[PDB]
Protein chains: 2
Amino acid sequence: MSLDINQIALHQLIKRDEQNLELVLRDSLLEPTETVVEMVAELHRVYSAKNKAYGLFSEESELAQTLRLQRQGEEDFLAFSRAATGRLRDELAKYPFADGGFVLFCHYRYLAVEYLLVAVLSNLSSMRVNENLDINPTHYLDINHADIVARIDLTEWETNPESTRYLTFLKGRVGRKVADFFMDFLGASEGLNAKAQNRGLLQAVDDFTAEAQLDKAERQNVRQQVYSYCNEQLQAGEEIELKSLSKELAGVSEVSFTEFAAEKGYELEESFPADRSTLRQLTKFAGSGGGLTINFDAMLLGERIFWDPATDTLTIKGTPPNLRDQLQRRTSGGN
Amino acid sequence: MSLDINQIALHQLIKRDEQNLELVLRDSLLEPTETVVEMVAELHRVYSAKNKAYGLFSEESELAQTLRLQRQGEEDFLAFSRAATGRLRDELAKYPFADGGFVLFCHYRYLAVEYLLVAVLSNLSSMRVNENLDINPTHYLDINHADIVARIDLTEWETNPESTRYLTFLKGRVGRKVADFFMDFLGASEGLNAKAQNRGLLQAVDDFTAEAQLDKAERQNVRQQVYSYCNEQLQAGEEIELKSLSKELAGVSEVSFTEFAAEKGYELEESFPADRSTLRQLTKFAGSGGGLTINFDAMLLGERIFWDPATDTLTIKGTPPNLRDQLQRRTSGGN
């Protein structure tokens, strides 16, 4: 592969009753064996797809200053994978309904960035099969659905102090509670919010096609251009470059767009991920109220689907033949 | 548990190059060990949730008359799990992109019905963990996502000859092609189609609130009653009883509903599963055309959302405040 595994450790937590998360601290840093390789390799791909969160530590970061010295060569990785793993239980044993499981610590470098991966794998169990009709019970690891995971961006943390990203972790799908499990586990503030920046993207694009003072054709295409760019980054694992966005967008206003947000001082950084829910509103709509839900392409403005705002009345011409077949059933055969 | 495992067999198919699905026929019927128990037990739960298909064999059923004699005590289960498993490869080795995997044969009885389960488990692989930081590679089974599976209803097949259900298997989610993999594997006709019966349910309910000659209040509640019944069966693993449907529905027309479909001779059997896509049209709608998609509760008929059929024009009053917040952005800040 194209990744190198600096150091690797493995510790286990098990529950005896409910709050008895006995620790199983490893007599040695697990060696960087070959079997570890494709495991941690699969971890980094999967995280690098999943949505994340962002922030920076605190002056009181009770785990930062334990690492701020480990990175100096004072605490061993084992000595640090020990103190990290113990203070883990003390932050999970306040959740009684907590299964047992392992606590991975892969230190690794990958393409100019050195990362430190922290993975608590739910431990599943199923029926191993050896050679000859000797179906056994075995354990494996939750490697496709492990949602309790984080990774620090070491190299941009030791170089940029004021960066607000070097600290990332997964948010819970339903609840924003696994986020709070990690933030108290590290002592990190909410900084860079992904929705905060996409939401903050369009409120400057409307202020841009409104200085330009354009029309539906020119203004929507700007919004459509913004989408064509963003979505092709979304299906590529690549972020939204503020600069790249400006070139395909420069020569709208004579002045560039990044200058137009920096002299207006709009607090959008150089890069940020592309929130798909926020970014459809450029070209696709939706709504939710009274069981009724719609969605449609915004070039229907003025052409099929009409709205009179005073009366908040929505007018539609030419129903989908799919639904059009449905309504023939309630009224035609209906008196 | 509440299930008994009559006989159990296990055979493996492996590919060497592409069409070299070498067979690995078992020197013995795998015994009904304890480790088999919870495996096959999980298989039956999962199938009994998943959607299925239905049909009956053929006079030329090239596997039926091999079992029509096995059930008489002539061919051993091993002798039959042998001839079944070999003629399996000859029906899959026409798909080159075919992984290796195992071929399960659990004969079992369960609550008055004797079943014969046939399960080809995709074989996955991952990292077993033994005691002490000795991460190994192991194999397990695709037990949560195995979609190549079927089970014959033995007891209603040896008792009802004209039944069209005793032969069930999973349909592919995207393609109706795994259905064709199984039908040629058995020699079974398409008989009882699940969509065919739900679709066939409403065309008799409209003919029922139109003999009754009722209005929106009474006719919709009939349709709503039908939904309240069907969906509570859908989240219970239970089928649509034609009779039970008629009681909660009798005293609409003086005559019952099952008689109203039997003297009209409508070819709906006693039971059938509840197709959710077909059964929302009672009370919930949708449509698809030109990127536009809607959906809503049908009690908006005449109250919020209006349609003039001549002009195929759809009129809506009071947009969802969710969307209502979206449209304030394209027009208000918009000139």
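Of the residues B:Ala298, B:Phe77, B:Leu67, the one whose Cα sits farthest towards the positive end of the charge dipole of chain B is B:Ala298 (charges of +1 on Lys and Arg Cβ, -1 on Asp and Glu Cβ, taken about the Cα centre).
Spacing of the modelled spin labels on A:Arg276 and A:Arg329, each 7 Å from Cα toward Cβ, amounts to 3.0 nm. D for the protein assembly as shown, whole µm²/s, Stokes-Einstein with Kirkwood Rh over alpha-carbon pairs at 4 °C and 1.567 mPa s: what number? Approximately 42 µm²/s, per Stokes-Einstein. Helix content alone sets the calculated 222 nm mean residue ellipticity of chain A: runs of n ≥ 4 DSSP H residues at -39500 (n - 2.57) each, divided across all residues, give -10000 deg cm²/dmol. Coupling constants for the range A:16-28 follow from the phi torsions by the Karplus curve (6.51 cos²θ - 1.76 cosθ + 1.60, θ = phi - 60°), and in residue order they are 8, 10, 9, 9, 9, 8, 5, 8, 10, 2, 6, 4, 9 Hz; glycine and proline get x. Between A:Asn160 and B:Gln203, the FRET efficiency estimated from the beta carbon spacing at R0 = 41 angstrom works out to 0.05. Considering only chymotrypsin sites (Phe, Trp or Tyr not before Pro) in DSSP loops that have at most 16 other Cβ atoms within 10 Å, the longest stretch of chain A without any of them is A:98-265. Mind listing the label-point distances from B:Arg173 to the same position on all other copies, shortest first, one decimal in nm, points 7 Å along Cα→Cβ? Label-point distances to the other copies, shortest first: 1.2 nm.
The charge dipole of the protein assembly as shown, taken about its Cα centre with unit charges on the Cβ atoms of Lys, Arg (+1), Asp and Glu (-1) only, comes to about 1600 debye. Once C-alpha pairs closer than 8 Å and six or more residues apart are averaged by separation and normalised to the residue number of the range B:284-331, the relative contact order reads 20 percent. Label-to-label distances for B:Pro309 across copies, nearest first, come out at 3.7 nm, using points 7 Å from Cα in the beta-carbon direction.
So which trypsin sites (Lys or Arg not before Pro) in the range B:110-202 are both in a DSSP loop and have at most 16 other Cβ atoms within 10 Å of their Cβ? Of the trypsin sites (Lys or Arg not before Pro), the ones in loops of the range B:110-202 whose Cβ has at most 16 other Cβ atoms within 10 Å are B:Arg173, B:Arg176, B:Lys177. The B:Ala79 and A:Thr35 beta-carbon pair, evaluated with R₀ = 45 Å, returns a calculated FRET efficiency of approximately 0.60. Applied to the range A:300-315, the Karplus parametrisation 6.51 cos²θ - 1.76 cosθ + 1.60 on θ = phi - 60° returns per-residue 3J(HN,Hα) values of 6, 3, x, 10, 10, 10, 10, 9, 9, x, 4, 7, 6, 10, 10, 10 Hz, with x for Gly and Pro.
Each part gets one Cα centre, and for the range A:155-228 versus the range A:1-65 those centres are 27 Å apart.
Plainly put, the tip 7 Å out from Cα toward Cβ on A:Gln235 is 3.5 nm from that tip on each other copy, the closest given first.
Close amide-amide hydrogen proximity is noted between A:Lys15 and A:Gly100, each under 5 Å apart and 5 or more residues distant or on a separate chain (H modeled in the peptide plane; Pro and chain starts excluded). Listed cross-link partners B:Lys50/B:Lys177; B:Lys195/B:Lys284; A:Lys50/A:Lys216; A:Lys317/B:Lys177 are compared with a 28 Å cut-off, the Cα-Cα value being larger for A:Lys50/A:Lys216; A:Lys317/B:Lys177.
Just want the answer: with Cβ charges of +1 for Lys and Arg and -1 for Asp and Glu, which residue in B:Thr138, A:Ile152, B:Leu104 is farthest toward the dipole's positive end in the protein assembly as shown? With unit charges placed on the Cβ atoms, the residue in question is A:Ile152.
So basically every Cβ, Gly included, is an ideal-geometry build from the backbone, and we count neighbours across all protein chains shown. Every number here is computed from the coordinates shown, using simple stated rules; none is lab data.
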